[PDB]
Amino acid sequence: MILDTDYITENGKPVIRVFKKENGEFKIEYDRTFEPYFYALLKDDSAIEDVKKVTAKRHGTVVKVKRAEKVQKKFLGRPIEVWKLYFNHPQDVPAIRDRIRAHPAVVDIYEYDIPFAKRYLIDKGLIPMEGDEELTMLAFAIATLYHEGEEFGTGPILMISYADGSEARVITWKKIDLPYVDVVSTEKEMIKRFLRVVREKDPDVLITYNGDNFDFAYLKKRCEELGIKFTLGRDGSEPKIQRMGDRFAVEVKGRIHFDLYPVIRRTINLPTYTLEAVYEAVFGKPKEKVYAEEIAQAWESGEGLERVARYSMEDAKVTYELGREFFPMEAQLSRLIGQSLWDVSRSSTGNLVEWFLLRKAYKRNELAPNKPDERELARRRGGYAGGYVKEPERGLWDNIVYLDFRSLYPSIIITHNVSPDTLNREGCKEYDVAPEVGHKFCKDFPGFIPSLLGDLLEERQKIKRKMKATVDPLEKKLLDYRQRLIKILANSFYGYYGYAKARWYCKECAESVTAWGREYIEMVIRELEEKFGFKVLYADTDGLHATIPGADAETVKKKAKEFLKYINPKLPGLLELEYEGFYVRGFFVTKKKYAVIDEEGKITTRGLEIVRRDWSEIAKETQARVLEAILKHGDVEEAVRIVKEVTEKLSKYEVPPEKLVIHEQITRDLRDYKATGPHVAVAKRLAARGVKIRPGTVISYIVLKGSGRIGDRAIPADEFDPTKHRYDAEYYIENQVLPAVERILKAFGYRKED
DNA sequence: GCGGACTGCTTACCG
DNA sequence: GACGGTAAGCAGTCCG
Ligand SMILES: [Ca+2]
Ligand SMILES: [Ca+2]
Ligand SMILES: [Ca+2]
Ligand SMILES: [Ca+2]
Ligand SMILES: [Ca+2]
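In the authors' numbering, the protein residues as written are 1 to 754.
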């Protein structure tokens with residue numbers, strides 16, 4: 001299985017490296033054959049040799065075009081003949097391009113911004129992580145003596161924990177007398193040992209939880225300060241800390257550095273992303289957190305380093321268990337997209353789509369359109385109409401049937417051949433015209449994107465069939481990950497059209513998708529209301545809730561099933577409506593906010609404060625208990641009482657602190673903010689202490705007693721101590737518990753609760 | 001003047 | 001880190 005690709009420079013010539021593992025042995029295949037290239041559309045082929053003599057200096061010396069060949073290749077379907085300009089070293093590409101482009105003979109420079117290592121994987125048609133081979137993995141974690149506002153790295157590492165299938169152990173230089181602790185003599189000697197342990201085990205994968213930003217960077221700062229050759233690589237390389245986007249990312253050449261944080265963040269939706277939370281979330285089993293204040297006084301005292309140790313050991317043990325559960329699906333991802341597990345792990349669905357197209361485009365002889373310049377993105381800053389959301393018939397309704405379209409936007413993208421290479425073509429035999437946008441899509445050639453979208457959905461059914469046949473539970477799991485991933489990639493294509501920084505951007509494509517969406521949703525609703533006697537209670541894009549007021553639950557079911565038989569033949573192409581659920585009773589509050597309870601008794605909650613992370617857990621609990629009473633039981637008085645007891649408990653100061661924590665994410669650099677919410681006021685005072693309040697950072701806080709602006713009275717949950725502080729018993733009753741509860745119980749017009 | 005009515009910023013959800 | 005549509009709360013500024 002091809003792990004990843006890289007290139008070194010042997011005697012001033014770029015030699016490619018394909019890191020593979022064949023028959024339970026890591027092998028490195030070199031390739032000097034592959035020469036870099038980039039395309040160029042000259043105004044007149046006559047000016048080939050004239051424009052071929054452009055140059056500019058690199059670090060070593062001057063760079064000039066090695067050779068050039070005029071090539072025929074399709075662009076948005078339309079045939080085009082352009083010059084591909086070969087260069088000796090890939091780092092000559094970024095030097096020559098700007099000047100070669102400015103040349104008043106060439107029209108534009110194309111396909112110049114693809115890395116060579118990634119170019120090789122595409123052009124050769126080599127698929128990463130293909131074939132059956134069990135890869136050895138080692139999870140590791142570090143514990144540091146980082147002070148309050150201490151310059152990053154000055155604090156020394158106290159312990160290094162590593163864990164795999166066999167064992168979990170701690171290496172440290174203070175004396176923790178336990179069977180899983182290895183006492184070294186100095187910090188230097190423990191790092192020396194850790195590096196040796198990694199060398200001895202020689203694992204294919206190194207698992208971390210946010211190792212990209214903290215763990216690896218910190219080990220470097222120390223290895224510099226102490227003077228240790230930080231060689232974790234298989235080729236004897238020190239780990240490469242690249243500045244990928246807002247954050248950084250770290251590559252251990254020869255191994256897979258699998259940072260769980262970015263993957264877990266993308267996958268799971270949690271209030272906070274502590275390794276304690278991620279564990280308790282995924283596995284359900286709890287994990288205690290030995291703090292920095294504790295880890296410090298432990299080291300300073302010597303008393304009770306056994307807890308500080310157990311923590312470090314459990315951190316690695318958990319990291320391993322999380323890694324072994326997440327890695328497999330992130331591997332099948334690598335296969336589907338066709339780039340390394342490393343990239344696919346740290347990539348947006350936005351870029352995963354573009355990588356998947358760049359690959360298919362090469363195979364189709366399609367020249368890839370360039371990413372937009374700064375002036376272009378400004379021109380793509382024009383929004384478009386979304387989908388229909390019906391203003392809901394409010395109240396408690398009985399016997400609701402949920403109907404929705406199966407893969408709506410994809411069905412449209414396929415059916416109407418929606419693609420930039422088909423948008424308003426010249427003299428096609430057949431066209432499909434968008435309802436209100438008016439955009440006409442050529443229906444002669446199967447479009448680039450639709451063609452691929454078909455194959456994906458076409459393969460997903462092949463995989464779901466092979467799953468039925470699969471006897472091995474492991475393969476049936478790995479097969480489910482593939483089929484599942486295909487779907488999520490298939491539903492990303494509408495979004496990619498609207499995404500400005502996308503190569504294959506198309507505003508009129510995205511506009512037309514939503515438009516057809518609006519028409520078909522509205523047309524279904526109209527029929528179910530007219531032809532059949534249903535009353536559409538609420539509807540969002542692609543889905544609706546309805547019932548037959550006064551009819552029995554059985555009748556609602558039968559009649560809804562009868563409607564699907566009627567409507568589907570009337571609908572065109574792949575546009576098909578499906579019966580998705582029936583619910584005993586349901587409650588619609590506002591647009592995007594409602595709840596329903598199924599026949600078995602499982603309540604389903606959408607949009608209400610219960611699900612939101614930026615509400616006090618007392619408000620989210622108090623609501624869920626009121627909502628349970630109204631739906632599950634039916635005791636409206638019980639809800640009235642549930643509010644009052646909870647309300648009195650807070651005013652008596654008997655409400656636990658833990659339940660009062662409010663979580664609000666920091667969107668941008670705190671300076672850029674135009675108006676200060678509490679979370680901003682919390683973030684700005686925390687940053688004044690030299691803390692790292694950066695984009696992605698979730699701010700926890702509690703409202704302290706008093707009056708005025710809520711933001712000037714917010715002490716972080718960690719910072720908060722009971723003392724004589726207490727809490728703003730008013731706020732949590734006035735602004736949190738009551739408003740949220742009121743939303744549900746307002747249907748029966750309740751005024752005030754004690 | 002004062003304080004109730006408006007309005008823009010920001011967050012997190014829904015599909 | 002895709003998309004647009006939506007409900008809110010909090011902290012400012014009108015204007016009768
Ligand atoms: Ca020009
Ligand atoms: Ca539903
Ligand atoms: Ca099904
Ligand atoms: Ca019941
Ligand atoms: Ca948006």
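Ideal Cβ positions, reconstructed from N, Cα and C, are used throughout, including at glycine.
*asked:* I'd like to confirm the pairing. Which residues does DSSP put opposite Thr605 in its beta bridges?
replied: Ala595
*Are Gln339 and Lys118 closer than 9 Å when you measure CB to CB?*
yes
*According to the neighbour-count rule (16 or more other Cβ atoms, all chains shown, within 10 Å of its Cβ), is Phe152 buried or exposed?*
exposed
*Could you tell me which of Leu577, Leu275, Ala292 and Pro446 sits nearest to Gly284, measuring between CA atoms?*
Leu275
*Would you give the residue range spanned by the beta strand (DSSP E) that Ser161 belongs to?*
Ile157 to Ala163
*Residues that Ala56 bridges to, as DSSP identifies them*: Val63
*Cα-Cα separation, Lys174 to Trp342*: 35 Å
*Scan the stretch 203-261 and note each continuous alpha helix (DSSP H) run of 4 residues or more that stays entirely inside, going in chain order.*
216-226
*Hey, out of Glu654, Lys466, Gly677 and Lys724, whose CA is closest to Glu664's CA?*
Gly677
*Between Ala47 and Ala102, is the Cβ-Cβ spacing less than 9 Å?*
no
_Given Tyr112 as reference, the closest of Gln242, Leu358, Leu352 and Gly131 once Cα atoms are compared_ = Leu358
*Do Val205 and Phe327 have their CB atoms nearer than 9 Å?*
yes
_Comparing C-alpha positions only, which one of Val308, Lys124 and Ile413 sits nearest to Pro572?_
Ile413
*Sequence-distant residues of its chain with Cβ nearer than 6 Å to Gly498 (five each side left out)*: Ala510
*Identify the continuous alpha helix (DSSP H) that holds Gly323 and give its terminal residues.*
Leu305 to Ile337
*asked:* For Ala490 and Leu453, which I take to be in contact (beta-carbon distance under 8 Å), what is that distance rounded to the nearest angstrom?
replied: 6 Å
*Under the assumption that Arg668 contacts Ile642 (Cβ atoms under 8 Å), give the Cβ distance between them as a whole number of angstroms.*
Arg668 to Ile642, Cβ: 40 Å. No contact.
*Are the CB atoms of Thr590 and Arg394 nearer to each other than 9 Å?*
yes
*Within the same chain, show all residues whose beta-carbon is closer than 6 Å to that of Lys221, passing over the 5 residues directly before and after it, in chain order.*
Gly153
*asked:* So for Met190, helix, strand or coil by DSSP?
replied: helix
*Based on Cα-Cα distance, which residue from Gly586, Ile699, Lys559 and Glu436 lies nearest to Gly517?*
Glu436
*May I ask you to report which of helix, strand or coil DSSP gives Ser700?*
strand
*asked:* Just to confirm my understanding: we take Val263, look at its own chain, exclude 5 residues before and 5 after, and list those with CB closer than 8 Å. What are they?
replied: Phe326, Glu330 and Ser345
*Tell me which same chain residues have a C-beta within less than 7 Å of the C-beta of residue 756, skipping the five on either side of it?*
Because the chain in this structure spans residues 1 to 754, residue 756 falls outside the shown range and cannot be described.
*Separation of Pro657 from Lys724, as counted between CA atoms*: 13 Å
*In chain order, what residues of the same chain lie with their CB nearer than 6 Å to the CB of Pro569, ignoring the 5 residues before and after it?*
none
*Tell me, please, which residues DSSP counts as bridged to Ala40.*
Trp83 and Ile109
*Does the Cβ-Cβ distance between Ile567 and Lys559 come in under 9 Å?*
no
*Check each candidate in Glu519, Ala539 and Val556 and name the one with the smallest Cα separation from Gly533.*
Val556
*Rounded C-alpha distance that separates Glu645 from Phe405*: 44 Å
*Quick one: complete beta strand (DSSP E) runs, 3+ long, within the stretch 539-576?*
543-547
*Mind checking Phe87: buried by the 16 CB within 10 Å criterion, or exposed?*
buried
*Using DSSP with H/G/I as helix, E/B as strand and the rest coil, what is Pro14?*
strand
*Counting pairs of Cβ atoms below 8 Å between the stretch 311-324 and the stretch 128-142, do you hit three or more?*
yes
*Compute the minimum distance between the beta carbon of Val596 and the heavy atoms of ligand 2, and state whether it is under 8 Å.*
yes
_Exposed unless 16 or more other CB atoms sit within 10 angstroms - verdict on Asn213_ = buried
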